[PDB]
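Undergrad: Data file coords-v7.csv (CSV, N, CA and C atoms) is appended below.
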```
chain,number,residue,atom,x,y,z
V,1,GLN,N,36.2,-13.9,39.3
V,1,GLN,CA,35.0,-13.2,38.7
V,1,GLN,C,33.8,-14.1,38.4
V,2,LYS,N,34.1,-15.3,38.1
V,2,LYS,CA,33.0,-16.3,38.0
V,2,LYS,C,32.3,-16.5,39.3
V,3,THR,N,33.1,-16.6,40.4
V,3,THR,CA,32.6,-16.8,41.7
V,3,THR,C,32.0,-15.5,42.3
V,4,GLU,N,32.4,-14.3,41.7
V,4,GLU,CA,31.8,-13.1,42.1
V,4,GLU,C,30.3,-13.0,41.8
V,5,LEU,N,30.0,-13.5,40.6
V,5,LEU,CA,28.6,-13.2,40.1
V,5,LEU,C,27.6,-14.3,40.5
V,6,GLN,N,28.1,-15.5,40.6
V,6,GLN,CA,27.2,-16.6,41.1
V,6,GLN,C,26.8,-16.3,42.6
V,7,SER,N,27.7,-15.6,43.3
V,7,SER,CA,27.4,-15.1,44.6
V,7,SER,C,26.5,-13.9,44.6
V,8,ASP,N,26.2,-13.4,43.4
V,8,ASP,CA,25.1,-12.4,43.2
V,8,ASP,C,23.9,-12.9,42.6
V,9,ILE,N,23.9,-14.1,42.0
V,9,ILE,CA,22.8,-14.9,41.6
V,9,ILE,C,21.9,-15.2,42.9
V,10,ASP,N,22.6,-15.7,43.9
V,10,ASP,CA,21.9,-16.2,45.1
V,10,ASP,C,21.1,-15.1,45.8
V,11,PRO,N,21.4,-13.8,46.0
V,11,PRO,CA,20.4,-12.9,46.5
V,11,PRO,C,19.3,-12.7,45.5
V,12,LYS,N,19.6,-12.6,44.2
V,12,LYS,CA,18.5,-12.3,43.2
V,12,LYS,C,17.6,-13.5,43.0
V,13,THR,N,18.0,-14.7,43.2
V,13,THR,CA,17.1,-15.8,43.2
V,13,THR,C,16.3,-15.9,44.5
V,14,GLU,N,16.8,-15.4,45.6
V,14,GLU,CA,16.0,-15.4,46.8
V,14,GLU,C,15.1,-14.2,46.8
V,15,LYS,N,15.6,-13.0,46.4
V,15,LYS,CA,14.7,-11.8,46.5
V,15,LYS,C,13.6,-12.0,45.5
V,16,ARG,N,13.8,-12.6,44.4
V,16,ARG,CA,12.6,-13.0,43.5
V,16,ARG,C,11.7,-13.9,44.2
V,17,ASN,N,12.3,-14.9,44.9
V,17,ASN,CA,11.5,-15.9,45.6
V,17,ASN,C,10.8,-15.3,46.8
V,18,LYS,N,11.3,-14.3,47.4
V,18,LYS,CA,10.6,-13.6,48.5
V,18,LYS,C,9.4,-12.9,48.0
V,19,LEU,N,9.5,-12.2,46.8
V,19,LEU,CA,8.4,-11.4,46.3
V,19,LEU,C,7.3,-12.3,45.6
V,20,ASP,N,7.6,-13.6,45.4
V,20,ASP,CA,6.6,-14.5,44.9
V,20,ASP,C,5.5,-14.7,45.8
V,21,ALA,N,5.8,-14.8,47.1
V,21,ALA,CA,4.7,-15.0,48.1
V,21,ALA,C,4.1,-13.7,48.4
V,22,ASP,N,4.8,-12.6,48.4
V,22,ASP,CA,4.2,-11.3,48.7
V,22,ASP,C,3.4,-10.8,47.6
V,23,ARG,N,3.6,-11.2,46.4
V,23,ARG,CA,2.6,-11.0,45.3
V,23,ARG,C,1.4,-11.8,45.6
V,24,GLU,N,1.5,-13.1,45.9
V,24,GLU,CA,0.3,-13.9,46.1
V,24,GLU,C,-0.5,-13.6,47.3
V,25,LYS,N,0.1,-13.1,48.3
V,25,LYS,CA,-0.7,-12.6,49.5
V,25,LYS,C,-1.6,-11.5,49.1
V,26,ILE,N,-1.2,-10.6,48.2
V,26,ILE,CA,-2.1,-9.6,47.6
V,26,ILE,C,-3.2,-10.2,46.8
V,27,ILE,N,-2.8,-11.3,46.1
V,27,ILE,CA,-3.8,-12.0,45.2
V,27,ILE,C,-4.9,-12.6,46.1
V,28,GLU,N,-4.5,-13.2,47.2
V,28,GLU,CA,-5.4,-13.8,48.1
V,28,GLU,C,-6.4,-12.8,48.7
V,29,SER,N,-5.8,-11.6,49.0
V,29,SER,CA,-6.6,-10.5,49.5
V,29,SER,C,-7.4,-9.9,48.4
V,30,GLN,N,-7.0,-10.0,47.1
V,30,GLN,CA,-7.8,-9.5,46.0
V,30,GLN,C,-9.0,-10.5,45.7
V,31,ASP,N,-8.8,-11.7,46.1
V,31,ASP,CA,-9.9,-12.7,45.8
V,31,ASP,C,-11.1,-12.5,46.7
V,32,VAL,N,-10.9,-11.9,47.9
V,32,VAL,CA,-12.1,-11.6,48.7
V,32,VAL,C,-12.9,-10.5,48.1
V,33,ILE,N,-12.3,-9.5,47.5
V,33,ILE,CA,-13.0,-8.4,46.8
V,33,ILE,C,-13.5,-9.0,45.4
V,34,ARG,N,-12.8,-9.9,44.9
V,34,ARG,CA,-13.2,-10.6,43.6
V,34,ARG,C,-14.6,-11.3,43.8
V,35,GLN,N,-14.8,-11.8,45.0
V,35,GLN,CA,-15.8,-12.9,45.3
V,35,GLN,C,-17.2,-12.5,44.9
V,36,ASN,N,-17.6,-11.2,45.0
V,36,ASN,CA,-18.9,-10.8,44.5
V,36,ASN,C,-18.7,-10.2,43.1
V,37,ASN,N,-19.7,-10.4,42.3
V,37,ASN,CA,-19.7,-10.2,40.9
V,37,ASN,C,-20.2,-8.8,40.5
V,38,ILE,N,-20.4,-8.6,39.2
V,38,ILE,CA,-21.1,-7.3,38.8
V,38,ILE,C,-22.5,-7.3,39.3
V,39,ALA,N,-23.2,-8.3,39.1
V,39,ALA,CA,-24.7,-8.3,39.4
V,39,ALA,C,-25.0,-8.7,40.8
V,40,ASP,N,-24.0,-9.3,41.5
V,40,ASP,CA,-24.2,-9.4,43.0
V,40,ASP,C,-24.2,-8.1,43.6
V,41,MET,N,-23.4,-7.2,43.1
V,41,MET,CA,-23.4,-5.8,43.5
V,41,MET,C,-24.8,-5.1,43.1
V,42,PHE,N,-25.2,-5.4,41.9
V,42,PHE,CA,-26.6,-4.9,41.5
V,42,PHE,C,-27.7,-5.6,42.3
V,43,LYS,N,-27.5,-6.8,42.7
V,43,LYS,CA,-28.5,-7.5,43.6
V,43,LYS,C,-28.5,-6.8,44.9
V,44,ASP,N,-27.4,-6.2,45.4
V,44,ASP,CA,-27.4,-5.5,46.7
V,44,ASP,C,-28.1,-4.1,46.6
V,45,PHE,N,-28.0,-3.5,45.4
V,45,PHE,CA,-28.6,-2.1,45.3
V,45,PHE,C,-30.1,-2.2,45.4
V,46,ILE,N,-30.7,-3.2,44.9
V,46,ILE,CA,-32.1,-3.4,45.3
V,46,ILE,C,-32.2,-3.8,46.7
V,47,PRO,N,-33.1,-3.1,47.5
V,47,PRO,CA,-33.2,-3.5,48.9
V,47,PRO,C,-34.1,-4.7,49.2
V,48,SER,N,-34.3,-5.5,48.2
V,48,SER,CA,-35.0,-6.7,48.3
V,48,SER,C,-34.5,-7.6,49.5
V,49,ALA,N,-35.5,-8.4,50.0
V,49,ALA,CA,-35.5,-9.1,51.3
V,49,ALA,C,-35.7,-8.1,52.5
G,1,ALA,N,47.6,-21.1,6.3
G,1,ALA,CA,46.2,-21.5,6.1
G,1,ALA,C,45.7,-22.1,7.3
G,2,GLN,N,44.6,-21.6,7.9
G,2,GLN,CA,43.9,-22.3,9.0
G,2,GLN,C,43.4,-23.6,8.5
G,3,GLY,N,43.5,-24.6,9.3
G,3,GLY,CA,43.2,-26.0,8.9
G,3,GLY,C,41.7,-26.2,8.7
G,4,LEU,N,41.3,-26.9,7.7
G,4,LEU,CA,39.9,-27.2,7.5
G,4,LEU,C,39.4,-28.2,8.5
G,5,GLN,N,40.2,-29.1,8.9
G,5,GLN,CA,39.8,-30.0,10.0
G,5,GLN,C,39.5,-29.3,11.3
G,6,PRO,N,40.4,-28.4,11.8
G,6,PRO,CA,40.0,-27.7,13.1
G,6,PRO,C,38.9,-26.7,12.8
G,7,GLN,N,38.8,-26.1,11.6
G,7,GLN,CA,37.7,-25.2,11.4
G,7,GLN,C,36.4,-25.9,11.4
G,8,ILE,N,36.3,-27.1,11.1
G,8,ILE,CA,35.1,-27.9,11.3
G,8,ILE,C,34.9,-28.1,12.8
G,9,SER,N,36.0,-28.5,13.5
G,9,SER,CA,36.0,-28.8,14.9
G,9,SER,C,35.8,-27.6,15.7
G,10,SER,N,36.1,-26.4,15.2
G,10,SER,CA,35.8,-25.2,15.9
G,10,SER,C,34.3,-24.9,15.9
G,11,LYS,N,33.6,-25.1,14.8
G,11,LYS,CA,32.2,-24.8,14.7
G,11,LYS,C,31.4,-25.9,15.4
G,12,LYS,N,31.9,-27.2,15.3
G,12,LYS,CA,31.2,-28.3,16.0
G,12,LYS,C,31.3,-28.2,17.5
G,13,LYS,N,32.4,-27.6,18.0
G,13,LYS,CA,32.5,-27.3,19.4
G,13,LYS,C,31.5,-26.1,19.8
G,14,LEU,N,31.3,-25.2,18.9
G,14,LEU,CA,30.4,-24.1,19.1
G,14,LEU,C,28.9,-24.6,19.1
G,15,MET,N,28.6,-25.6,18.4
G,15,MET,CA,27.3,-26.1,18.3
G,15,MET,C,26.9,-26.9,19.5
G,16,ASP,N,27.9,-27.4,20.3
G,16,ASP,CA,27.6,-28.1,21.5
G,16,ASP,C,27.4,-27.1,22.7
G,17,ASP,N,28.3,-26.1,22.7
G,17,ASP,CA,28.2,-25.0,23.7
G,17,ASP,C,27.2,-24.0,23.2
G,18,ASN,N,25.9,-24.2,23.6
G,18,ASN,CA,24.9,-23.2,23.3
G,18,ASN,C,23.9,-23.2,24.4
G,19,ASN,N,23.4,-21.9,24.6
G,19,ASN,CA,22.3,-21.6,25.6
G,19,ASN,C,20.9,-22.0,25.1
G,20,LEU,N,20.8,-22.6,24.0
G,20,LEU,CA,19.5,-22.8,23.3
G,20,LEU,C,18.6,-23.7,24.1
G,21,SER,N,19.2,-24.7,24.8
G,21,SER,CA,18.4,-25.5,25.8
G,21,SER,C,18.2,-24.7,27.1
G,22,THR,N,18.7,-23.6,27.3
G,22,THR,CA,18.6,-22.8,28.5
G,22,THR,C,17.7,-21.6,28.3
G,23,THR,N,18.0,-20.8,27.2
G,23,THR,CA,17.2,-19.6,27.0
G,23,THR,C,15.7,-19.8,26.7
G,24,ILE,N,15.5,-21.0,26.0
G,24,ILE,CA,14.1,-21.4,25.7
G,24,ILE,C,13.4,-21.6,27.1
G,25,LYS,N,14.1,-22.3,28.0
G,25,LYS,CA,13.5,-22.5,29.3
G,25,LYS,C,13.5,-21.1,30.1
G,26,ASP,N,14.4,-20.2,29.8
G,26,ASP,CA,14.4,-18.9,30.4
G,26,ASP,C,13.3,-18.0,29.8
G,27,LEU,N,13.0,-18.1,28.5
G,27,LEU,CA,11.9,-17.3,27.9
G,27,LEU,C,10.6,-17.9,28.3
G,28,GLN,N,10.5,-19.2,28.4
G,28,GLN,CA,9.2,-19.8,28.9
G,28,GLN,C,9.0,-19.6,30.3
G,29,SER,N,10.0,-19.2,31.1
G,29,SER,CA,9.8,-18.7,32.4
G,29,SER,C,9.1,-17.3,32.4
G,30,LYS,N,9.6,-16.5,31.5
G,30,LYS,CA,9.1,-15.1,31.5
G,30,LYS,C,7.7,-15.1,30.9
G,31,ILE,N,7.4,-15.9,29.9
G,31,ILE,CA,6.0,-16.0,29.3
G,31,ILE,C,5.1,-16.5,30.4
G,32,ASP,N,5.4,-17.5,31.1
G,32,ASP,CA,4.6,-18.0,32.2
G,32,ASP,C,4.6,-17.0,33.3
G,33,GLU,N,5.6,-16.2,33.5
G,33,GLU,CA,5.5,-15.1,34.4
G,33,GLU,C,4.5,-14.0,33.9
G,34,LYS,N,4.6,-13.6,32.6
G,34,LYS,CA,3.7,-12.6,32.1
G,34,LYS,C,2.3,-13.1,31.8
G,35,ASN,N,2.1,-14.4,31.7
G,35,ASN,CA,0.8,-14.9,31.6
G,35,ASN,C,0.0,-14.8,32.9
G,36,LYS,N,0.8,-14.9,34.0
G,36,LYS,CA,0.2,-14.7,35.4
G,36,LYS,C,-0.3,-13.3,35.6
G,37,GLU,N,0.4,-12.3,35.0
G,37,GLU,CA,-0.1,-10.9,35.1
G,37,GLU,C,-1.3,-10.7,34.2
G,38,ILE,N,-1.3,-11.3,33.0
G,38,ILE,CA,-2.4,-11.1,32.1
G,38,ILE,C,-3.7,-11.8,32.7
G,39,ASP,N,-3.5,-13.0,33.3
G,39,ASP,CA,-4.6,-13.7,33.9
G,39,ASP,C,-5.0,-13.0,35.2
G,40,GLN,N,-4.2,-12.0,35.7
G,40,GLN,CA,-4.6,-11.2,36.8
G,40,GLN,C,-5.3,-9.9,36.4
G,41,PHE,N,-4.8,-9.4,35.2
G,41,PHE,CA,-5.4,-8.1,34.8
G,41,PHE,C,-6.8,-8.3,34.2
G,42,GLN,N,-7.1,-9.5,33.7
G,42,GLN,CA,-8.5,-9.9,33.4
G,42,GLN,C,-9.4,-9.8,34.6
G,43,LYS,N,-8.9,-10.3,35.7
G,43,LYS,CA,-9.6,-10.1,37.0
G,43,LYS,C,-9.8,-8.7,37.3
G,44,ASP,N,-8.8,-7.8,37.0
G,44,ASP,CA,-9.0,-6.4,37.3
G,44,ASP,C,-10.0,-5.7,36.5
G,45,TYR,N,-9.9,-5.9,35.2
G,45,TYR,CA,-10.9,-5.3,34.2
G,45,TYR,C,-12.3,-5.8,34.5
G,46,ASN,N,-12.4,-7.1,34.9
G,46,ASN,CA,-13.7,-7.6,35.2
G,46,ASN,C,-14.2,-7.1,36.6
G,47,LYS,N,-13.3,-6.4,37.3
G,47,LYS,CA,-13.7,-5.9,38.6
G,47,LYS,C,-14.0,-4.4,38.6
G,48,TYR,N,-13.1,-3.6,37.9
G,48,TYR,CA,-13.3,-2.2,37.9
G,48,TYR,C,-14.5,-1.8,37.0
G,49,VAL,N,-14.8,-2.5,35.9
G,49,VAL,CA,-16.0,-2.3,35.2
G,49,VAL,C,-17.2,-2.7,36.0
G,50,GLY,N,-17.1,-3.7,36.8
G,50,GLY,CA,-18.1,-4.0,37.8
G,50,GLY,C,-18.3,-2.8,38.8
G,51,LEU,N,-17.2,-2.2,39.2
G,51,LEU,CA,-17.3,-1.1,40.1
G,51,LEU,C,-17.7,0.2,39.3
G,52,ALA,N,-17.4,0.3,38.1
G,52,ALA,CA,-17.7,1.5,37.3
G,52,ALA,C,-19.2,1.7,37.0
G,53,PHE,N,-19.9,0.6,37.0
G,53,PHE,CA,-21.3,0.6,36.8
G,53,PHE,C,-22.1,0.8,38.1
```
What would the structure in this file look like if it were written as structure tokens?

TA:
Amino acid sequence: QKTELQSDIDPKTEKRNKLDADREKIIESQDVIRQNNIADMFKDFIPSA
Amino acid sequence: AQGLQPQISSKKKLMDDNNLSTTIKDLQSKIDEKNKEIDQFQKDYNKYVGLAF
């Protein structure tokens, strides 16, 4: 039974470690939308230049 | 009568076998996990309010 459950630790330590990158890939794609601010947006609404 | 000498050695064995050096590392894993969410939700609230205006 001890060997039963440490053999279940290994999927859950990997499945957690799989989702760590898949979280951060969303974060990297959120940083593109992050990149312009509140007033960068307001700078765009004026048709200046 | 249970012996006083093993009753001390029973508790002294219990004080060595403890998860306290592990659970503190386990709880500081979850706090540093949940801080990453809070540090992400500040980015969200600073973005949606930017969108909401």

Undergrad: Using all atoms listed in the file, determine which residues of chain G fall within 7 Å of chain V; present them as number ranges by chain.

TA: G: 46-47, 49-51

Undergrad: Those residues you just picked out, can you put them in a file as a short mmCIF file (atom, residue, chain, number, x, y, z; two decimals), keeping the file's coordinate frame with N, CA and C atoms?

TA:
```
data_model
loop_
_atom_site.label_atom_id
_atom_site.label_comp_id
_atom_site.auth_asym_id
_atom_site.auth_seq_id
_atom_site.Cartn_x
_atom_site.Cartn_y
_atom_site.Cartn_z
N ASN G 46 -12.40 -7.10 34.90
CA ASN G 46 -13.70 -7.60 35.20
C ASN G 46 -14.20 -7.10 36.60
N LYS G 47 -13.30 -6.40 37.30
CA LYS G 47 -13.70 -5.90 38.60
C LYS G 47 -14.00 -4.40 38.60
N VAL G 49 -14.80 -2.50 35.90
CA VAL G 49 -16.00 -2.30 35.20
C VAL G 49 -17.20 -2.70 36.00
N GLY G 50 -17.10 -3.70 36.80
CA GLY G 50 -18.10 -4.00 37.80
C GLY G 50 -18.30 -2.80 38.80
N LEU G 51 -17.20 -2.20 39.20
CA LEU G 51 -17.30 -1.10 40.10
C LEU G 51 -17.70 0.20 39.30
#
```

Undergrad: Could you jot down the atom C of residue V:20 to atom CA of residue V:7 separation for me, Å, one decimal place?

TA: 21.9 Å

Undergrad: Work out how far atom CA of residue G:1 is from atom CA of residue G:13, in Å to one decimal.

TA: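 For atom CA of residue G:13 relative to atom CA of residue G:1, the distance reads 20.0 Å.
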
Undergrad: Taking only chain V into account, list the residues labelled helix (DSSP H, G or I) by DSSP (computed from the backbone), as a ChimeraX atom specification.

TA: /V:2-34,38-45

Undergrad: Which value, in Å to one decimal, gives the distance between atom N of residue V:8 and atom CA of residue G:18?

TA: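 Between atom N of residue V:8 and atom CA of residue G:18 the gap is 22.4 Å.
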
Undergrad: Could you please fill out stretch 7-28 of chain G with N, CA, C and O atoms and send it back as an mmCIF file, keeping the file's coordinate frame?

TA:
```
data_model
loop_
_atom_site.group_PDB
_atom_site.id
_atom_site.type_symbol
_atom_site.label_atom_id
_atom_site.label_comp_id
_atom_site.auth_asym_id
_atom_site.auth_seq_id
_atom_site.Cartn_x
_atom_site.Cartn_y
_atom_site.Cartn_z
ATOM 1 N N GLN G 7 38.800 -26.100 11.600
ATOM 2 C CA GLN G 7 37.700 -25.200 11.400
ATOM 3 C C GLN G 7 36.400 -25.900 11.400
ATOM 4 O O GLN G 7 35.373 -25.216 11.794
ATOM 5 N N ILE G 8 36.300 -27.100 11.100
ATOM 6 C CA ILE G 8 35.100 -27.900 11.300
ATOM 7 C C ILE G 8 34.900 -28.100 12.800
ATOM 8 O O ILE G 8 33.844 -27.929 13.398
ATOM 9 N N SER G 9 36.000 -28.500 13.500
ATOM 10 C CA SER G 9 36.000 -28.800 14.900
ATOM 11 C C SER G 9 35.800 -27.600 15.700
ATOM 12 O O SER G 9 35.334 -27.667 16.879
ATOM 13 N N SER G 10 36.100 -26.400 15.200
ATOM 14 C CA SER G 10 35.800 -25.200 15.900
ATOM 15 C C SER G 10 34.300 -24.900 15.900
ATOM 16 O O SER G 10 33.711 -24.615 16.961
ATOM 17 N N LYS G 11 33.600 -25.100 14.800
ATOM 18 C CA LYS G 11 32.200 -24.800 14.700
ATOM 19 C C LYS G 11 31.400 -25.900 15.400
ATOM 20 O O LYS G 11 30.426 -25.646 16.081
ATOM 21 N N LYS G 12 31.900 -27.200 15.300
ATOM 22 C CA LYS G 12 31.200 -28.300 16.000
ATOM 23 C C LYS G 12 31.300 -28.200 17.500
ATOM 24 O O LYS G 12 30.400 -28.565 18.209
ATOM 25 N N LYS G 13 32.400 -27.600 18.000
ATOM 26 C CA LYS G 13 32.500 -27.300 19.400
ATOM 27 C C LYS G 13 31.500 -26.100 19.800
ATOM 28 O O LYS G 13 30.991 -26.104 20.891
ATOM 29 N N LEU G 14 31.300 -25.200 18.900
ATOM 30 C CA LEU G 14 30.400 -24.100 19.100
ATOM 31 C C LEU G 14 28.900 -24.600 19.100
ATOM 32 O O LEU G 14 28.111 -24.023 19.862
ATOM 33 N N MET G 15 28.600 -25.600 18.400
ATOM 34 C CA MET G 15 27.300 -26.100 18.300
ATOM 35 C C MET G 15 26.900 -26.900 19.500
ATOM 36 O O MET G 15 25.705 -27.041 19.837
ATOM 37 N N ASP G 16 27.900 -27.400 20.300
ATOM 38 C CA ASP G 16 27.600 -28.100 21.500
ATOM 39 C C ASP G 16 27.400 -27.100 22.700
ATOM 40 O O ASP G 16 26.551 -27.231 23.504
ATOM 41 N N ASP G 17 28.300 -26.100 22.700
ATOM 42 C CA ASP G 17 28.200 -25.000 23.700
ATOM 43 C C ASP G 17 27.200 -24.000 23.200
ATOM 44 O O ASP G 17 27.523 -23.060 22.528
ATOM 45 N N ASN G 18 25.900 -24.200 23.600
ATOM 46 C CA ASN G 18 24.900 -23.200 23.300
ATOM 47 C C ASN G 18 23.900 -23.200 24.400
ATOM 48 O O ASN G 18 23.558 -24.144 25.032
ATOM 49 N N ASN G 19 23.400 -21.900 24.600
ATOM 50 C CA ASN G 19 22.300 -21.600 25.600
ATOM 51 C C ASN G 19 20.900 -22.000 25.100
ATOM 52 O O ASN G 19 19.980 -21.555 25.764
ATOM 53 N N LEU G 20 20.800 -22.600 24.000
ATOM 54 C CA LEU G 20 19.500 -22.800 23.300
ATOM 55 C C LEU G 20 18.600 -23.700 24.100
ATOM 56 O O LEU G 20 17.377 -23.548 24.161
ATOM 57 N N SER G 21 19.200 -24.700 24.800
ATOM 58 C CA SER G 21 18.400 -25.500 25.800
ATOM 59 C C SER G 21 18.200 -24.700 27.100
ATOM 60 O O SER G 21 17.437 -25.256 27.950
ATOM 61 N N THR G 22 18.700 -23.600 27.300
ATOM 62 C CA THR G 22 18.600 -22.800 28.500
ATOM 63 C C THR G 22 17.700 -21.600 28.300
ATOM 64 O O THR G 22 16.784 -21.309 29.078
ATOM 65 N N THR G 23 18.000 -20.800 27.200
ATOM 66 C CA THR G 23 17.200 -19.600 27.000
ATOM 67 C C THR G 23 15.700 -19.800 26.700
ATOM 68 O O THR G 23 14.872 -19.045 27.024
ATOM 69 N N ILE G 24 15.500 -21.000 26.000
ATOM 70 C CA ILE G 24 14.100 -21.400 25.700
ATOM 71 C C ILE G 24 13.400 -21.600 27.100
ATOM 72 O O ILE G 24 12.225 -21.249 27.283
ATOM 73 N N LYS G 25 14.100 -22.300 28.000
ATOM 74 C CA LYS G 25 13.500 -22.500 29.300
ATOM 75 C C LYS G 25 13.500 -21.100 30.100
ATOM 76 O O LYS G 25 12.594 -20.898 30.891
ATOM 77 N N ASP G 26 14.400 -20.200 29.800
ATOM 78 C CA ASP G 26 14.400 -18.900 30.400
ATOM 79 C C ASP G 26 13.300 -18.000 29.800
ATOM 80 O O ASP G 26 12.590 -17.303 30.559
ATOM 81 N N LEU G 27 13.000 -18.100 28.500
ATOM 82 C CA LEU G 27 11.900 -17.300 27.900
ATOM 83 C C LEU G 27 10.600 -17.900 28.300
ATOM 84 O O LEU G 27 9.617 -17.165 28.493
ATOM 85 N N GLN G 28 10.500 -19.200 28.400
ATOM 86 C CA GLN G 28 9.200 -19.800 28.900
ATOM 87 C C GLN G 28 9.000 -19.600 30.300
ATOM 88 O O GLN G 28 7.842 -19.722 30.813
#
```
